[PDB]
Amino acid sequence: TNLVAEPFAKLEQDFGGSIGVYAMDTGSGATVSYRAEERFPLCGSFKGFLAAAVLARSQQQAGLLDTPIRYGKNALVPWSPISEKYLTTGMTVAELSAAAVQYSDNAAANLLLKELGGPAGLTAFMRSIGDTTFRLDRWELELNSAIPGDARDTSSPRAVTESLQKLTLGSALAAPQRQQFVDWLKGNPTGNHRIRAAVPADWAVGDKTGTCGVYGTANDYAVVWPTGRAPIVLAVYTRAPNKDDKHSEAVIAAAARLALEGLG
Ligand SMILES: C[C@@H](O)[C@@H](C(=O)O)[C@@H]1NC(C(=O)O)=C(S[C@@H]2CN[C@H](C(=O)N(C)C)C2)[C@@H]1C
């Protein structure tokens, strides 16, 4: 309503851009929504769903996760801190997935996209779990352009949350794969100033961040496990009108706090 939305509008007025938020209490079904069906660039946040798509494919292809990917130096793209170190040996699909999630490794992401049939393959996986909003159209690094009006490489806060719920808490992944995905998100160290900063320290959190680097466009989605309560799933996405507008981790954390504090 208006008292739900009012603190969000104030926050994005001070931020100088747009904030999109969706949070779901998986026990009661209560939600908090703000610009939740608007499109925002995914940036690197797609890499979480990328790892989930790989895990799901391993349910149909036994031993996919252990497949060695031996790549050449030209497979490397900027911001590939893990894959650059294994150029002389190669990495398995599961090792690449861990790097894509926890270090946002770009070469790892592109290698896994290639295994799935390109960006179209990741989009097809998201369609397979009932996500009709998600679209990945381009590769790293071009998908980070975040140009105003462009629907390529975007989703909505609601669809991100709904798909994250299906993959981490629903039946989309088998228990071993589900455990693996949750562990990668929980061990992610790139989001300490985003959704995690809004959550009490004793509550476990798994997240995946995105930071396009332009147009104040950055994001985070997370599963939150309140002690002995039903988990929460939420997504916080930002963008801004000017190419050199700075993203704000504080704004993401503040919006996350508002959403978590508003759940019935
Ligand atoms: C490739 C970039 O656009 C970005 C993305 O894919 O969204 C990369 N992914 C992220 C992200 O935010 O998920 C990062 S690293 C992140 C920001 N810097 C943190 C860090 O490790 N530092 C050393 C500051 C973690 C990179 C900027």
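The chain is numbered in sequence order, starting from 1. Quick note: numbers below take in every heavy atom, side chains included, and nothing from hydrogens, waters or symmetry partners. First listed ligand is number 1; within each ligand, the first listed atom is number 1.
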**Asked** Just heavy atoms, cut-off under 4.0 Å: does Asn144 contact ligand 1 by side chain, backbone, both, or neither?
**Response** side chain
**Complete:** The option among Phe46, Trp79, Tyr103 carrying the non-hydrogen atom nearest to atom 15 (S) of ligand 1 is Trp79
**Winner among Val77, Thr190, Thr217, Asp105 once heavy atoms are compared against atom 25 (C) of ligand 1** = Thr190
Do me a favour and list the nearest non-hydrogen protein atom to [atom] with residue, atom name and distance?
atom	answer
atom 13 (O) of ligand 1	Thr209 OG1, 2.5 Å
atom 6 (O) of ligand 1	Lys47 NZ, 2.8 Å
atom 12 (O) of ligand 1	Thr211 OG1, 2.7 Å
atom 9 (N) of ligand 1	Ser104 OG, 2.8 Å

**Message:** If the contact criterion is a heavy-atom separation under 4.0 Å, does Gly210 count as touching ligand 1?
**Reply:** yes
**Asked** Is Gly44 in polar range of ligand 1, meaning some N or O pair under 3.5 Å apart?
**Response**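 There is such a contact, yes.
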**Message:** Test your reading of the structure: does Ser45 have an N or O sitting under 3.5 Å from an N or O of ligand 1?
**Reply:** no
**Asked** CG/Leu122 to CG/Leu112 distance, rounded to the nearest 0.5 angstrom?
**Response**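 The distance works out to 10.0 Å.
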**Message:** Within the supplied structure, the quantity of interest is the number of heavy atoms (other residues, nucleotides, ligands) at a distance under 6.0 Å from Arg229 CZ; does it exceed 12?
**Reply:**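 Atom CZ in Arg229 is not crowded, with 12 or fewer foreign heavy atoms closer than 6.0 Å.
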**Request:** May I ask you to check whether over 12 heavy atoms, not counting those of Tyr215, lie within 6.0 Å of atom OH?
**Result:** yes
**Item:** Any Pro81 side-chain heavy atom under 4.5 Å of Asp105 side chain
**Value:**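 When only atoms from C-beta onward are counted, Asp105 and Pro81 do touch, with a gap below 4.5 Å.
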**Message:** Within the structure provided, determine whether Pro231 and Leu169 are in side-chain contact (heavy-atom separation under 4.5 Å).
**Reply:** yes
**Message:** So does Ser83 get a backbone contact from the side chain of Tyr71, meaning a donor-acceptor N/O pair under 3.5 Å?
**Reply:**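 Answer holds: yes.
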**Prompt:** Can you name the one residue among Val54, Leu173, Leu185, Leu55 that meets side chain to side chain contact (heavy atoms under 4.5 Å, CB included) with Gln180?
**Reply:**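 Filter result, single survivor: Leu55.
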Please tell me if [atom] is touched by the protein, where touching means a protein heavy-atom distance below 4.0 Å.
atom	value
atom 2 (C) of ligand 1	yes
atom 20 (C) of ligand 1	no
atom 23 (C) of ligand 1	no

**Request:** Below 4.0 angstrom from a heavy atom of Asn106, which ligand 1 atoms are there? Numbered from 1 as shown, please.
**Result:** 1 (C)
**Item:** Those atoms of ligand 1 less than 4.0 Å from some heavy atom in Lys208
**Value:**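 Reading through ligand 1 atom by atom, the close ones are 13 (O).
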**Item:** Residue that, paired with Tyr221, satisfies ring-ring contact (aromatic ring centres under 6.0 Å, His included) out of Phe49, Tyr237, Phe134, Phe40
**Value:** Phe49
**Message:** Closer than 4.0 angstrom, basic N to acidic O: yes or no for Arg239 and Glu38?
**Reply:** yes
**Asked** Do NZ/NE/NH1/NH2 and the carboxylate oxygens of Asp220 and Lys208 come within less than 4.0 Å?
**Response** no
